[PDB]
4 protein chains.
Amino acid sequence: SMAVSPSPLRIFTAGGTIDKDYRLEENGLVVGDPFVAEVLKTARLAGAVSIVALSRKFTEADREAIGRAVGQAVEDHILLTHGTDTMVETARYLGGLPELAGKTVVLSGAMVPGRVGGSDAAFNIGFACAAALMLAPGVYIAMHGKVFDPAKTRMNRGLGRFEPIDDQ
Amino acid sequence: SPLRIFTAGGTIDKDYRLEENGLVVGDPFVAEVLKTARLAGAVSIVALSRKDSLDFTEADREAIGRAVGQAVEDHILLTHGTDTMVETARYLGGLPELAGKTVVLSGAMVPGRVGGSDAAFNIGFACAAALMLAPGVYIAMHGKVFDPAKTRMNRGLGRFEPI
Amino acid sequence: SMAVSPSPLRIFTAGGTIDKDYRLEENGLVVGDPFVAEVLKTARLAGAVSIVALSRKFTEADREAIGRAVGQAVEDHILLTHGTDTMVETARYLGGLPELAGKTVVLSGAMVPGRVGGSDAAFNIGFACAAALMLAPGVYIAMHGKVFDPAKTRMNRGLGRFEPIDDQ
Amino acid sequence: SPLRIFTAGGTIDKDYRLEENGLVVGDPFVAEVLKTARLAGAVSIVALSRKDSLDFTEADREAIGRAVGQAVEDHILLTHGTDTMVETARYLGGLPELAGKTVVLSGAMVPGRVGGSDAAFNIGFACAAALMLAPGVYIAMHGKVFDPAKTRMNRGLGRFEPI
Ligand SMILES: [Cl-]
Ligand SMILES: [Cl-]
């Protein structure tokens, strides 16, 4: 009965801008290795986090595999790192799965790749890990130091941020 | 909810100076992290100290408490050295003046301006904790929330641990 | 007659991978501000270096403007930061201009953008600045910790480096 | 020409350690810069010391001289602390054993592992200097080549300057 640190959070990675990295062959960026693993490596965690790579790019098949992976996890606190362009569509899909009803599921990512100077990625990862641990069960987007309801959120391209959709 | 951030120095903020041939407490690293965070909402940062957290007196903790009480915000982050973080947190937890606020202390084991630092992760985690936790005083480090009354720094592990 | 530090090196910037940076609007890299200025800012220079931006991308017109700028400089030590894909063509062009005959002219750049993690850029800039100051008059490519003769150099794409062309 | 790199410690190599609550001389930063330099040619790196350059004795300088003499390479870079860089350089310049070699000393005013360091620029500049300069001993810092016999560190400027 010595103390055992639990590992209540599992992270799944689905690619996106957060993970982009330069390749000579492409003369540009590709979706690379998961940047969340780099951030957690130096986080001096008390426990650990289980990080599972799902994809590196989006068909209903791809969202369905994500829902299967999230639903089959033993953990009830889940972070999914993802591209911002279809994050709302994935989040809305996950919110329709009854098997997620007792889980806190947070999607996050970055507007700037983690491997590019001046990125929001490390901040967003810390914020989203906490959100996944602390929010009540449901599906959320955590970006810009804010929690978003997927049914009432859109990307504002001129602003470069997600914004809430006001009730009419 | 608007977040108020206070900076009290510590390892997180250390930076190299030629004159000292070593590290000193420099400008608050939380401002560098939040500059690139693309924040959607209400934040402001206030400097309180750059003094060594080992050199904080009961008078210094009383002045930090009064400064946090000056904020009308009910969500507070205080960046601080880890050496006496538990002493400041326990002091703040005893002030009836702060009872409606969520106050989170955080910092870093490695300076933000040194390679391989925990600082940016800790700032994001602690900002969320200050917005989401119920009223009280907490330490947010190591991807965990600690109760100050039941926490110590374990120098053998280089981490806070529960008592 | 107190000591005055000379500024014998002038730098011209013509863009390339070295200067690439992420933009939200593009969802990828563009040619950004000159990365050589960022490196020299923290170099604690004894003197200074004059950095002039020429272009951010290549027509004979573009090479001709570069030759005009280099030939009109008062300095006899010149570094041009440039993309690696046509560096040999620019260098060979400059080597044909008699008005450059007393100048040491070095071209350099980076295989990885300076603003991406793990870049060769800062090393290449320090190496190329020294090369421009120390080599005898002529036109050179300085990359990979090596000096290349433009008439006897090609990019080896499989290798990701310039290589010499052996005499037959 | 093959370059041999020797590492004698100094600010360039400093890194943060929890146990010290500050910087110590860590692993050689020149190895980190050259790992990403995509080098075309012949290089090797040899560790000599992590001892404080202020604490180098005449015996230590004699041992650095003998170590540089063990290299068959005629192009040498020695990374070193700036406090006694001029003393080591002047000592090496007097060794007839080294007369055919180009030996360049360099380092950094800011540790390579601290943000805003001169280290990577200084390493690239000093590698080129070691390949290109005529036989002799030099200091390569601040984008300049210094003659050790005619150089001092000006602590008021934070730069080497000619005498
Ligand atoms: Cl791209
Ligand atoms: Cl220190």
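Below, read A as the first sequence line, B as the second, and so on, with proteins coming before strands; counting in each chain starts at 1. All heavy atoms count here, side chains included; hydrogens, waters and symmetry mates do not.
- A:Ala73 is linked by a side-chain contact (heavy atoms from CB on, under 4.5 Å) to A:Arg10, A:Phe12, A:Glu75, A:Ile78, counting only residues two or more places apart in sequence or in another chain.
- You'll find the side chain of B:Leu34 reaches within 4.5 Å of the side chain of B:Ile123, heavy atoms only.
- For A:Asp149, there are no salt bridge (charged side-chain N to carboxylate O under 4.0 Å, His left out) partners at least two apart in sequence or on another chain.
- Using a 4.5 Å cut-off on side-chain heavy atoms (C-beta onward), A:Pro34 and A:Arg56 make contact.
- Between A:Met155 atom CE and A:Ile141 atom CD1 the span is 8.5 Å, to the nearest 0.5 Å.
- One N or O on the side chain of C:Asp120 and one on the backbone of C:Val112 form a donor-acceptor pair closer than 3.5 Å.
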Using residues 14-23 of chain A as the side-chain source, report each donor-acceptor pair under 3.5 Å to any protein atom, sequence neighbours left out, with the distance given to one decimal.
from    : atom 1 : to      : atom 2 : distance (Å)
A:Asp19 : OD1    : A:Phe35 : N      : 2.8
A:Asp21 : OD2    : A:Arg23 : NH1    : 3.0

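- Remark: B:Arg152 engages B:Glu161 in a side chain to side chain donor-acceptor pair (under 3.5 Å) (not counting sequence neighbours).
- Residues A:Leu133 and B:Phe125 have side chains in contact (heavy-atom distance under 4.5 Å, counting atoms from C-beta outward).
- Between the CD1 atom in A:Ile11 and the CG atom in A:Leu80 there is a gap of 10.0 Å [rounded to 0.5 Å].
- Within 6.0 Å of atom CD in B:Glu58, more than 12 heavy atoms from other residues, nucleotides or ligands are found, so the atom counts as buried in its surroundings.
- B:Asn154 places no side-chain N or O within donor-acceptor distance of the main-chain N or O of B:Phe160, the cut-off being under 3.5 Å.
- Residue pairs meeting the ring pair (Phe, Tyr, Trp, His ring centres under 6.0 Å) criterion with at least one partner in residues 56-87 of chain A, sequence neighbours excluded, are A:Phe58-A:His82.
- Residues B:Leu92 and B:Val137 meet the side-chain proximity criterion, which asks for heavy atoms closer than 4.5 Å.
- For the pair B:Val25 and B:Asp52, the minimum side-chain heavy-atom distance is 4.5 Å or more.
- Across all non-hydrogen atoms, the minimal contact from D:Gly116 to C:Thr42 is O-CB, 3.6 Å.
- In plain terms, the two heavy atoms of A:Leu29 and C:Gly28 that are nearest each other are CD1-CA, 4.5 Å.
- Residues A:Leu135 and B:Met132 are in side-chain contact: their nearest non-hydrogen atoms beyond the backbone lie under 4.5 Å apart.
- Considering only residues two or more places apart in sequence or on other chains, A:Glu60 meets the salt bridge (charged side-chain N to carboxylate O under 4.0 Å, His left out) condition with A:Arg63.
- Note that the NE2 atom of A:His144 and the CE atom of A:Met111 stand 6.0 Å from one another [nearest 0.5 Å].
- For the salt bridge (charged side-chain N to carboxylate O under 4.0 Å, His left out) test, residues two or more places apart in sequence or in another chain that qualify with D:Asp27 are D:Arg50.
- Within a 6.0 Å radius of CD in A:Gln72, other residues, nucleotides and ligands contribute 12 heavy atoms or fewer.
- Every residue was checked against the salt bridge (charged side-chain N to carboxylate O under 4.0 Å, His left out) condition with B:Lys144, not counting sequence neighbours, and none meets it.
- Between the side chain of A:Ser108 and the backbone N or O of A:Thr81 there is no donor-acceptor pair closer than 3.5 Å.
- Closest of all the heavy-atom pairs between D:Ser117 and D:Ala108 is OG-CB, 4.4 Å.
- Here the side chains of B:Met141 and B:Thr82 are in contact, with some heavy-atom distance below 4.5 Å.
- In this structure, A:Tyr93 has no ring pair (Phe, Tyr, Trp, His ring centres under 6.0 Å) partners at least two apart in sequence or on a different chain.
- Shown here are the side chain to side chain donor-acceptor pair (under 3.5 Å) partners of D:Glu32, two or more places apart in sequence or in another chain: there are none.
- Other residues, nucleotides and ligands place more than 12 heavy atoms under 6.0 Å from the CD atom of B:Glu20.
- By the side chain to side chain donor-acceptor pair (under 3.5 Å) test, B:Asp55 is found to be paired with no residue, residues two or more places apart in sequence or in another chain being considered.
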Counting only pairs under 3.5 Å, give me each side-chain donor-acceptor contact of residues 44-54 of chain A, with atom names and distances, residues two or more places apart or in other chains.
none

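- A distance-only check finds a donor-acceptor pair linking the side chain of A:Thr59 to the backbone of A:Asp62 [under 3.5 Å].
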